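Okay, here we've got a single chain as structure tokens, the form deposited in one PDB entry, with questions on binding and movement later.
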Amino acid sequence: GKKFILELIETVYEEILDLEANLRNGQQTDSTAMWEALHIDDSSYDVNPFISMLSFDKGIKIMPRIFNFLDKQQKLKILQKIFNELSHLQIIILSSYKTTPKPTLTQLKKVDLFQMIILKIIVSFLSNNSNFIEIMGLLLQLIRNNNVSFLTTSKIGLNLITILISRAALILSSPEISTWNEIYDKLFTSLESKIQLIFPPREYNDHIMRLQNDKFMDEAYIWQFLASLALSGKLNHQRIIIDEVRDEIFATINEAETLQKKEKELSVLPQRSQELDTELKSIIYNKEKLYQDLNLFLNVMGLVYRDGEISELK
């Protein structure tokens, strides 16, 4: 229960602080006490205690400090534990536009903190003497133990996937290359015909917009995901991707062009007030942003939107 997990987190901070005082005072560090404090090898509960800790702000806040006193095998086991349970985590449930269609500002902040800390940790683990087979194993754990599609309805799940595949791509035996093909295929099959769902619905965007007093959204992470999915696949995969997100391409082009006209009508006004000036700068920034993020994906496909057309590259 909640009071139990809170007591657990308290104990963990005490272990970390003792550990951190030792390292400062030059002397011995032994992470054995802190590791046990995590209850990572504890099957005695409904939800694993360490996992439940991750849905408290104070629990997630101590994760980097925990990783400072861990070896790679301990690091891997933790990430394995997490990847296993991803789509069940309370914070992921908060993160998905499906399970949480009307988040509060506070819930958005909790979500942002989680993905900020967790992603950085996962990234640093992959950037630090990590091999292909490690990454593959993590992707495969992700795919086989989760509703992959449900994960793609969260910024966190989407970002996690594109980090994993982009780290895969950025990297080797022939069986390893083949392993990547099998895994990509598994990932791809899990998403086939559900790709457009990565785009939250209009009701959700309107809600977020009203919430944050902002006329615009930021979906760079969505197009980034598509670009990396497309770059990691073969020509038939790319074909299937561009087909599933067809209407999103058109809608994006449509919005950009609507911005282009509003820009043209404000641009020719002399001595713009502060309000009109901030508005024009906003229009321009957002127009260019839609072009840029859309072209990140199209360029991968050998395509470009420029002067009212999707033309071939060069």
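Note that residue numbering begins at 1 and tracks the sequence as displayed. So that the term is clear: the rigid core is the largest set of C-alpha atoms that superpose within 1.5 Å between two forms.
(request) Look at the stretch from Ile171 to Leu172 and count the residues of the deposited sequence that the entry does not model, then pick none, 1 to 3, 4 to 9, or 10 or more. (result) Per the record, 4 to 9 deposited residues are absent between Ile171 and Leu172.
(message) Quick check on the record: does 285-293 or 61-69 carry the larger mean Cα temperature factor?
(response) Of 285-293 and 61-69, the stretch with the higher C-alpha B-factor average is 61-69.
(request) Going by the average Cα B-factor in the PDB entry, point out whether 45-53 or 244-252 comes out higher. (result) Averaged over C-alpha atoms, the B-factors run higher in 45-53.
(message) By the CA temperature factor listed in this entry, which of these ranks top: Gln271, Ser267, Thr278, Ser31?
(response) It is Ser31.
(request) Name the residue from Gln224, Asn147, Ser178, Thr99 with the greatest C-alpha temperature factor listed in the entry. (result) Reading the PDB entry, the winner on C-alpha B-factor is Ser178.
(request) Consider only the C-alpha atoms of the modelled residues in this chain, order them by B-factor as the entry records it, and name the third containing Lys215: lowest, middle or highest. (result) Answer is highest: the recorded C-alpha B-factor places it there.
(message) Test of reading the entry: by CA B factor among the chain's modelled residues, which third contains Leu303?
(response) For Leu303, the deposited C-alpha B-factor lands in the lowest third.
(request) Relative to the other modelled residues of the same chain, rank the CA B-factor of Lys194 and answer lowest, middle or highest third. (result) It belongs to the lowest third of the chain when residues are ordered by C-alpha B-factor.
(request) Going by the recorded CA B-factors, say which third of the chain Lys75 sits in, lowest, middle or highest. (result) Tercile = highest for this residue's CA B-factor.
(message) Per the entry's values, where does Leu138 land by CA temperature factor relative to the rest of its chain, in the lowest, middle or highest third?
(response) For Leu138, the deposited C-alpha B-factor lands in the highest third.
There is another form of the same protein, the form deposited in another entry; it is not shown, and what comes next is about it.
(message) Can you tell me which of these residues, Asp247, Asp42, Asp30, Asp57, is the one whose C-alpha shifts by at least 2 angstroms between this form and the one not shown after a rigid core fit?
(response) After core superposition, the one over threshold is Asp30.
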